[PDB]
Amino acid sequence: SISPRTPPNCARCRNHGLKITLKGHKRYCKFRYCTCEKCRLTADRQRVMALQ
Ligand SMILES: [Zn+2]
Ligand SMILES: [Zn+2]
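Residues numbered from 1 in each chain as written, not as in the entry; some residues may be left out. Chains lettered and ligands numbered in written order. Heavy atoms only, no water.

As recorded in the PDB header, solution NMR is the method behind this entry.

Take a look at the structure:
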């Protein structure tokens, strides 16, 4: 693996106040597909389209 530094807990569900540890989760994230502006802002934090 080239990413041994995984993020703690799932961020999709913390947006609402969830903490599952993201261990074998994602599909288990009640927010796995949420769309609120805190779940989109999250996926946005990881993706990078412009640098400053
Ligand atoms: Zn989650
Ligand atoms: Zn959300």
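Draft legend 1. Fine view of the overall build of the chain. Per the secondary structure count, the chain includes two helices and zero strands. Taking the principal axes of the C-alpha coordinates as reference, the chain spans close to 35 × 30 × 15 Å. Within the span of the chain, comprising 52 residues, buried residues form 19% of the whole. If you sum the accessible surface of the chain, you get close to 5000 Å²; carbon and sulfur atoms cover 51% of it. (Helix = DSSP H or I, 4+ residues; strand = E, 2+ residues; numbered from the N terminus. Buried < 20%, exposed > 50% of the residue type's maximum accessible area, 1.4 Å probe, protein only. Areas by Shrake-Rupley, 256 points an atom, 1.4 Å probe, with all protein chains shown as cover.)

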